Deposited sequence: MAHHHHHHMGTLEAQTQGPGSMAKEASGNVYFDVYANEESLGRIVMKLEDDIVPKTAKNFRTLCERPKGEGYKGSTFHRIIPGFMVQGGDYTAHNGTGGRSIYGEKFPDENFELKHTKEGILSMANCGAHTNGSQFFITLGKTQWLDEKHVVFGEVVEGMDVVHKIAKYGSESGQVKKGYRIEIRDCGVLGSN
């Protein structure tokens, strides 16, 4: 029996990731709204907003094989920018979730209580980040697309010359 099914997964968000004009595929993330509601809200909202006001059309600007891939700087594209939906830096909501495995979605920051819009996805267990970065979700489809992203990085985090690794579209399923 053939045909598409309706949506099970509501609230899950996705990134369609591109290396220049080549599709790398889709990453789908589950957010832990019950555990970190404001952190989850910030990220989901930034997925739904238009280009220039959220993640749509932004890049993975720091890509470190064996460690993590980082994006969310949709204003400066270099790690110095980004803005949360609250208008500025927001507190670490809690550290209940831990960096236990590959595919963990966590907030980038520049110290205690400095959450904006930058995030990373881990390429392994990174226990040294526990209690320093707020974990708010995980990759549930397209972990292999995260490993593809890593092919375009380096020890230093610099992205391969000639490449922009872009979140070409993003949103909420539903």
query	finding
Stretches of the record's deposited sequence for which the structure holds no C-alpha atoms	1 to 15, 24 to 25, 192 to 193
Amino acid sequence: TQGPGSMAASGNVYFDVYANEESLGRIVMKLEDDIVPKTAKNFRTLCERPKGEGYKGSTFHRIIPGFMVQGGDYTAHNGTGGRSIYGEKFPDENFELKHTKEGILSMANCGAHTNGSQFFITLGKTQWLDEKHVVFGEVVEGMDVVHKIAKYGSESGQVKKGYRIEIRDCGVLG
From here on, numbers count along this sequence of modelled residues.
{"item": "Mean Cα B-factor comparison, 80 to 88 or 93 to 101, giving the higher one as deposited", "value": "80 to 88"}
{"item": "Higher-B stretch (mean Cα B-factor, as the entry records it), 49 to 57 or 131 to 139", "value": "49 to 57"}
{"item": "Candidate residues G25, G153, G11, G162, the one whose C-alpha B factor the record puts highest", "value": "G11"}
{"item": "Cα B factor band for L31 (lowest, middle or highest third within the chain)", "value": "middle"}
{"item": "Chain third (lowest, middle, highest) by recorded CA B-factor, residue given as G66", "value": "middle"}
